[PDB]
Every structure is written in C-alpha cells, then in structure tokens.
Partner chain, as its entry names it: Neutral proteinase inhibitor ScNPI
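The chain that follows stands alone, in the form solved without its partner chain, written as structure tokens.
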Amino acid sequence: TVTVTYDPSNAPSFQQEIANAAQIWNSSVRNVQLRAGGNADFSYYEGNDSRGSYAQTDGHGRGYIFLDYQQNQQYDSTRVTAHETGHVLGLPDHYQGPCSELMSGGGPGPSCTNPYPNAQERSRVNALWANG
C-alpha cells in the first residue's frame, strides 16, 4: 500500500465531501490509500467554472482538483468529488457508462448519486498502484 497525501485546505466549502470521497476510495481499494497531510501530493480548490469541476493531474497521484459550486449543488457532491479523485488515481473519463461506473461522471445525469467505483474500476486502480 502506497500512501498519497492530499491537501484539502483550499476547498473550505467541501471539507466533508472530500473526507467522504477519500474514505470511499480507501474502503474500496487495497494498493493505494489517501490521507490528508503536509507536503501533499495533490490539492483541492473551489470556485466557479461553467465547465464544472476538473482535475489537473499526471494520473499518478499529483496535481490538483478544482470543485465547481454549481456542479456540486446540481449533482451529488460526493460522486463529483470521488470521480475527480479517480483521475488523480489514474482512471479516465468514460462518459457513456452507467451510473454504477463512477468514471462515467455526469453522463448519467443528476439522478445518479452513486459515489462508489465498480469492481472493474477498483481492479484497475489496484493494478495501477501495485508497483507504486
């Protein structure tokens, strides 16, 4: 198990969703763990961007996530937060997938509230972090 450290301090309005998203991911996968701490690998910011929330990342634990206010009020915020965090873990967007695929993100619409990765998503994250 590899530990990726994040900094949630610049997203004051989303502290509980970030904590919720990190726990979902920690309770779903074996080879990587997310923990809040100093000298962080990636960080969370918040504001307004009509394209919604996004991740600026190398796909292997680093960069930052921007959480948009309107998207997190119209869609379930834990799903939004957990989805964007999936990008930092290495998973790509797959907009045509169903609600049970966390990486389909907003594709299924606002009625989709599931913040959990499916079995294939979890399996792929374990493979991407198996050797660090």
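Numbering follows the first chain given and starts at 1.
A.B. asks: Name the higher of the two by mean Cα B-factor in the PDB entry, 67-75 versus 81-89.
C.D. replies: Per the PDB entry, the higher value belongs to 67-75.
A.B. asks: Mean C-alpha B-factor higher for 32-40, or for 52-60?
C.D. replies: Taking the mean C-alpha B-factor of 32-40 and of 52-60, the larger value falls to 32-40.
A.B. asks: Tell me, lowest, middle or highest third: where does the Cα B factor of residue 26 rank within its chain?
C.D. replies: Within its chain, residue 26 is a middle-third residue by C-alpha B-factor, going by the deposited values.
A.B. asks: Sorting the chain's modelled residues by C-alpha B-factor, tell me whether residue 104 ends up in the lowest, middle or highest third.
C.D. replies: Lowest third, going by the recorded CA B-factors of the chain.
In what follows, reference is made to the form solved in complex with its partner chain, a form of this protein that is not presented.
A.B. asks: Using heavy atoms only and a 4.5 Å cut-off, determine which of 89, 80, 34, 29 is in contact with its partner chain in the deposited bound form.
C.D. replies: Of 89, 80, 34, 29, the residue with a heavy atom within 4.5 Å of its partner chain in the deposited bound form is 80.
A.B. asks: Is there a heavy atom of residue 40 no more than 4.5 Å from a heavy atom of its partner chain in the deposited bound form?
C.D. replies: No - in the deposited bound form, heavy atoms of residue 40 and its partner chain never come within 4.5 Å of each other.
A.B. asks: Is residue 45 close enough to touch its partner chain in the deposited bound form, meaning at least one heavy atom pair within 4.5 Å?
C.D. replies: Judged by the heavy-atom cut-off of 4.5 Å, residue 45 is well away from its partner chain in the deposited bound form.
A.B. asks: Is there a heavy atom of residue 61 no more than 4.5 Å from a heavy atom of its partner chain in the deposited bound form?
C.D. replies: No, no contact at 4.5 Å.
A.B. asks: Wondering, does residue 69 line up within 4.5 Å of its partner chain in the deposited bound form on heavy atoms?
C.D. replies: Answer no; every heavy atom of residue 69 is more than 4.5 Å from its partner chain in the deposited bound form.
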